[PDB]
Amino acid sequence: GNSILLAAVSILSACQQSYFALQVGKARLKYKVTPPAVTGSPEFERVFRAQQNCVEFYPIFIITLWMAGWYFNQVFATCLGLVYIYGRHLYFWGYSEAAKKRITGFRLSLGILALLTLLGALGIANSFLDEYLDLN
């Protein structure tokens, strides 16, 4: 109820995650790289690696999104979440063309993660001072 926006952001992100993975499938077929190999076509390795970078940061994003969303402010976290989704959109397709074209998306994505993390830390400390240290 008080987390419906976070839920929505999470579901959209999961689609993008699902999407990226399926894109790795198409590259696999398009650049005749047969499983389980992930080397061969230079084209595939960029798509695969791009996708690999997105999965490792995904749980970080989800945790920091929700911590920020729950302990600081839901609307602001959501907005940031959406920019992260776009940053990752830029990152993924950028990488597929060339390694040089991934930087903006990546930098945008990590900047957003830093801020979510920051807000989450603040909201929790703020909440900690109420329940444990009685500064109600």
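Just count from 1 along the sequence shown to find any residue number.
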{"property": "Selected stretch [higher average CA B-factor]: 92-100 or 60-68", "result": "92-100"}
{"property": "Comparing 33-41 with 83-91, the one whose average Cα B-factor in the PDB entry is higher", "result": "33-41"}
{"property": "Third of chain Cα B-factors occupied by residue 27", "result": "highest"}
{"property": "CA B-factor placement of residue 117, once the chain's modelled residues are sorted into thirds", "result": "middle"}
{"property": "Chain-wide C-alpha B factor ranking for residue 14, given as lowest, middle or highest third", "result": "lowest"}
